[PDB]
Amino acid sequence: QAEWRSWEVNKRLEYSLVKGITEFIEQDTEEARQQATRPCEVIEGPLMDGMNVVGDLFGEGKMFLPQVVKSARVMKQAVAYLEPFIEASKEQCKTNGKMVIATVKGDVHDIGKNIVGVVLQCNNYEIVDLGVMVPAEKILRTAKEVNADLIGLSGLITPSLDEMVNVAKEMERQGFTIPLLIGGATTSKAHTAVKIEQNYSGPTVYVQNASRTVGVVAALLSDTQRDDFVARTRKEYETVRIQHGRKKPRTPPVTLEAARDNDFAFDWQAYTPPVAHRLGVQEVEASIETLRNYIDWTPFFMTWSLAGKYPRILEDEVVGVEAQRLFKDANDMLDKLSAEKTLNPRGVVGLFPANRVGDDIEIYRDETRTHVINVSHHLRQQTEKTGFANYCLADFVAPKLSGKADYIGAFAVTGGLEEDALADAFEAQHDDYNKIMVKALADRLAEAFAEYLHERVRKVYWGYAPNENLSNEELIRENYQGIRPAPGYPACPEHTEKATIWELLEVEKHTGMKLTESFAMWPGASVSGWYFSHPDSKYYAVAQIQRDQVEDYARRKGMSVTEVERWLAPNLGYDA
């Protein structure tokens, strides 16, 4: 027996979808297609009734994202078996609308996209996923090729915002009318209103997450709301476009010269930077077993729309149960991935003699410090400050003109070069659950590798904190000496400098990890950055800089003032 196996066929479907039961979806939907006069009645019928149940169930707080994707696995697997019958008997089945989704050119991270997409499919909307590093050309060409009502763009890094504005300007040059939805971690409501919208006659809507998205595609794609929604979006996008537009960013900029005279104050003659126990470039690798203990699960829960900090989240009266099951699954997969060695985290680390020179860091070939093998550039905050200094990462390395011997470190790690293969496999068998799982887990593994390696550097490779012994909780709170800023973050926005790290460490040749034109890393599950030992070194944002630094930086980088303005776009204190 089973009780639910004694219910109506289209009732067992609703049950299997909601509960995510896969075992009987095959030999249960084939029976429902017989009752129906055509293949599209099962999809448009019981198959969607259940998803409609998942939808309100979800909206009430009795169901969460992790479970929802599990329902999709049953649906998408029901369609898969029922697609040979549909096409071989025509009819494209009624849908709520079509959409072309893709990760901007140059970018590579797509976890958030995969989520937005799956959720939309759970609302019958049809989604065509072009993947990542997709050229604006194929994007607009695909949307036309298969008549799409909406185009969705994703972007993780700053350089993506440029390619986005590009897509909008092209949609205008080509006459597109359909709405443009821009989302991602790099996308904000202010940028969409101040830099994206105005370049397109059609609607342009920014949407935080994958839940309020189905709500936008709903009103924006309807008839009784479509018009009112755009007008509201426009007005608002103006009260903000003119909000930021003028009423000038109160916080008077400063001469790059004055900033430099306010550089971090420190008596270097009295201080002696720890000497690295080791110098050189080392190919590193850690097992999943060693890295699990360094994993910070909080961001992992965020990724699945489960609010709460680990481990307290496991006891939450609302999502604790589901967080537990999601946690158990992740660990189940790690056990397999580790035992089979199907996913292998790897990286490279390096320490070099170094000294500051202006706002940059010279890196020497050896301890004689006679030959400079490379330069780390870095930018300086260009804002008036009282009580504080105009920070520049270089400031934390001993000045060349101090005679003090200092150093600088670099690293590049990835959760595994197999991330993509693995994702594709699940992608094949229409398993969105662990397709997302494996990538989210590869990401945790990468960040875990960065925490582990930073510890090894502090305790061994660099060796200034050999006796240091912190708990994972203690590591996450960064209650240790030194920092590891990563190109792209606030204190070092210029993404191009990742080239410096890749040159010093010869990353690609050593690990396989790659770099794109937009300077995104591959695999997606990968991290890279620097290492500073100074006990006074901390994170901060370079924020908005002026024309003077853009030019000085241009000279130093050997780039046009034009090229550097594109790369520091989000940090420019003036207009483009």
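When you see a residue number, it is the position in the sequence shown, counting from 1.
(message) Please compare 203-211 with 337-345 and say which has the higher mean C-alpha temperature factor in the record.
(response) Looking at the record's C-alpha B-factors, the answer is 203-211.
(request) Between 278-286 and 129-137, name whichever shows the higher mean Cα B factor according to the PDB entry. (result) Looking at the recorded C-alpha B-factors, 129-137 comes out higher on average.
(request) In terms of CA temperature factor as recorded, identify the highest of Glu517, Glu30, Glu508, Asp536. (result) That would be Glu30, according to the entry.
(request) Determine which member of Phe411, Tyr310, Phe388, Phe327 has the highest CA B-factor, using the values in the deposited entry. (result) Of the candidates given, the C-alpha B-factor peaks at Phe388.
(message) When the deposited Cα B-factors of this chain's modelled residues are ordered and cut into thirds, is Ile151 in the lowest, the middle or the highest one?
(response) As the PDB entry reports it, the C-alpha B-factor of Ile151 lands in the middle third of its chain.
(request) Check where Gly524 lands among this chain's C-alpha B-factors and tell me if it's the lowest, middle or highest third. (result) Ranked within chain, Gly524 CA B lands in the lowest tercile.
(message) Considering every modelled residue of the chain and its Cα B-factor in the PDB entry, is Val68 in the lowest, middle or highest third?
(response) Its C-alpha B-factor belongs to the lowest third of this chain's values.
(request) Can you work out whether the C-alpha temperature factor of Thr251 puts it in the lowest, middle or highest third of the chain? (result) Answer is highest: the recorded C-alpha B-factor places it there.
(request) Please rank the C-alpha B-factors of the chain's modelled residues and tell me whether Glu238 sits in the lowest, middle or highest third. (result) Top third by C-alpha B-factor.
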